[PDB]
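Protein chains in written order, with PDB author numbering: chain A, 77 to 106; chain B, 1067 to 1116; chain C, 226 to 274.
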Amino acid sequence: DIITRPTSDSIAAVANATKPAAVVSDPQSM
Amino acid sequence: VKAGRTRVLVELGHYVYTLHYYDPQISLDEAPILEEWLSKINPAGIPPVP
Amino acid sequence: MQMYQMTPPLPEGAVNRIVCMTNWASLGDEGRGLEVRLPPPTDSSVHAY
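So, in structure tokens, the structure goes:
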């Protein structure tokens, strides 16, 4: 097995607060 | 880029890379692989390069 | 009139690579409860980083 542990809550919060959508829907995309 | 009109260089120091093997006798366009790869890139992190 | 055939030592495939799999040839005790085994490059080894 391998080891992995969660980060601090504050770090997770700020990171999640900045996640723009990768794919959007606009009528002008070539 | 998909049209023969633009070329792009991406500055990555190091990265995790994955790869696929294809039969030489099967015509294909590999655009969807890159497209879905782009579909998972966010300021938090990126998936492995295909 | 008897026949023998050893199994080959080296891998025999279209493409052969080298991967990191600790203790893959271990034989003694169970050893430390710690392991590192990456998949071949055809898969995603993100979970290890």
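All residues carry an ideal CB built from backbone N, CA and C; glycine is no exception.
Residue i to residue j, Cα distance in whole Å?
i          : j          : result
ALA273(C)  : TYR1083(B) : 13 Å
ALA239(C)  : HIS1086(B) : 14 Å
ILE1099(B) : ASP254(C)  : 44 Å
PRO236(C)  : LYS95(A)   : 45 Å
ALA89(A)   : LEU1094(B) : 42 Å
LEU259(C)  : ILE78(A)   : 7 Å
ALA97(A)   : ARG1073(B) : 25 Å
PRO1114(B) : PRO82(A)   : 22 Å
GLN227(C)  : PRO234(C)  : 22 Å
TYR1081(B) : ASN241(C)  : 22 Å
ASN1108(B) : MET246(C)  : 31 Å
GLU1096(B) : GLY1070(B) : 15 Å
Starting from residue i, find everything on chain C with Cβ-Cβ shorter than 8 Å and list it in chain order.
i          : result
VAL1082(B) : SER269, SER270, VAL271, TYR274
What does residue i touch in chain C if you count any residue whose Cβ is under 9 Å from its own?
i        : result
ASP77(A) : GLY258, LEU259, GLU260
Find the residues of chain B that neighbour residue i, judging by a C-beta separation of less than 7 Å, and give them in chain order.
i              : result
residue 111(A) : No answer is possible for residue 111(A): it lies beyond the span of chain A, which begins at 77 and ends at 106.
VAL99(A)       : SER1105
Of the choices the options, whose alpha-carbon is the least far from that of residue i?
i          : options                                        : result
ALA91(A)   : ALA1110(B), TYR1081(B), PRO1114(B)             : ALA1110(B)
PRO266(C)  : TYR229(C), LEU252(C), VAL244(C)                : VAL244(C)
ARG257(C)  : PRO264(C), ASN248(C), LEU263(C)                : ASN248(C)
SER101(A)  : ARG1071(B), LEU1075(B), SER1105(B), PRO1116(B) : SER1105(B)
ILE1112(B) : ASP1089(B), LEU1078(B), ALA1097(B)             : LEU1078(B)
Against residue i, what residues of chain B qualify as contacts under a CB-to-CB distance less than 9 Å, listed in chain order?
i        : result
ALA91(A) : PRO1109, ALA1110
Exercise for review: Could you please tell me which residues of the segment 232–266 of chain C, in chain order, have their CB closer than 9 Å to any CB of chain A?
Suggested key: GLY258, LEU259, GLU260, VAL261, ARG262
Exercise for review: Could you name the residues of the segment 1072–1104 of chain B whose beta carbon sits closer than 8 Å to any beta carbon of chain A, in the order they occur along the chain?
Suggested key: Going along the segment 1072–1104 of chain B in chain order, one finds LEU1104 with a Cβ nearer than 8 Å to chain A.
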